[PDB]
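One chain follows as structure tokens, the form deposited in one PDB entry.
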């Protein structure tokens, strides 16, 4: 009847309520559940007077198998609906359907609720919530993209074109080198230690004061130079797919990585000092011939030199 709790769980349910309005209602639901045998976490009783901070709340949510949301007409006005309640809501719809137990009071109805809570199938009606207490990857695009932007691209891109032109000038790469930083995005999301590991015809040529410079030979023997590197963050999706514990498979790896690709491009093109400073090179990393990757890069370098002319 009453389930045995896992490693992090020490409570069957955390009762999330607005202390300004529904404190009485939350005590009523609490007393109904705890008598039946379930162990609950209740702010008024369990949170010490000086430790009702958001992290103690999230520590309680982490240790609670289910989270019971007491949603009334007043609960939406209290900013609790904009703060502590949203902390319990997860990016994964599968997670919210298992964990969340929305308790609707006063006839607010499902349509009145915020978008995340609507498709969750919400709820002496106190028997029904006990029924729900008895016994996953969200979208990665925005975290990856904003973290890659502010942690790296926003720092190096704004003046990188100046650094490249200085290197190009004093190395006789004029006309044979684009200003942009080429960012490599293999479809499998597998990143190698160096893009030169894809072909012995890709040669290390030094670095930018550190971003690496490579050379590549086209059909006429003309050497073309470029600053290039992998988008290192995408390797995480490859690791998640390969992990049996992680809920990410091949189809989601492609979907997540195209959302990431799209979100990164929206941010870069929004920023005038970062757009046109890098070129993302998406490619199917399926070929072993020594000509394949060199020919792809030469095509991209020549395409970018046209636009910079």
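Numbering follows the first chain given and starts at 1. Between two forms, the rigid core is defined as the largest C-alpha subset superposing within 1.5 Å.
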Indicate whether the chain is continuous between residue 123 and residue 124 or, if not, how many deposited residues are absent from the coordinates: none, 1 to 3, 4 to 9, or 10 or more.
4 to 9
According to the entry, are there none, 1 to 3, 4 to 9, or 10 or more residues of the deposited sequence without coordinates between residue 165 and residue 166?
none
Please compare 287 to 295 with 20 to 28 and name the stretch with the higher mean C-alpha B-factor in the deposited structure.
20 to 28
Determine, for stretches 89 to 97 and 186 to 194, which one has the higher mean CA B-factor as deposited.
89 to 97
Options 71, 237, 160, 145 - largest CA temperature factor per the record
71
Between 215, 75, 178, 199, which carries the biggest CA temperature factor in the record?
75
Compared with the other modelled residues in the chain, in which third is the CA B-factor of residue 154?
lowest
Lowest, middle or highest third: where is residue 270 by C-alpha B factor in its chain?
middle
Would you please rank residue 47 by its C-alpha temperature factor against the other modelled residues of its chain and give the third it falls in: lowest, middle or highest?
highest
Chain-relative C-alpha B factor for residue 134 (record values, thirds): the highest
Cα B factor band for residue 252 (lowest, middle or highest third within the chain)
lowest
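The form deposited in another entry exists for this protein as well; it is not shown, and the discussion that follows is about that form.
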Please say whether, between the shown form and the other one, the C-alpha of residue 182 moves by 2 Å or more once the core is aligned.
no
After fitting the rigid core, is the C-alpha of residue 145 off by 2 Å or more between the shown form and the other one?
no
With both forms fit on the core, has residue 203 moved 2 Å or more by CA between the shown form and the other one?
yes
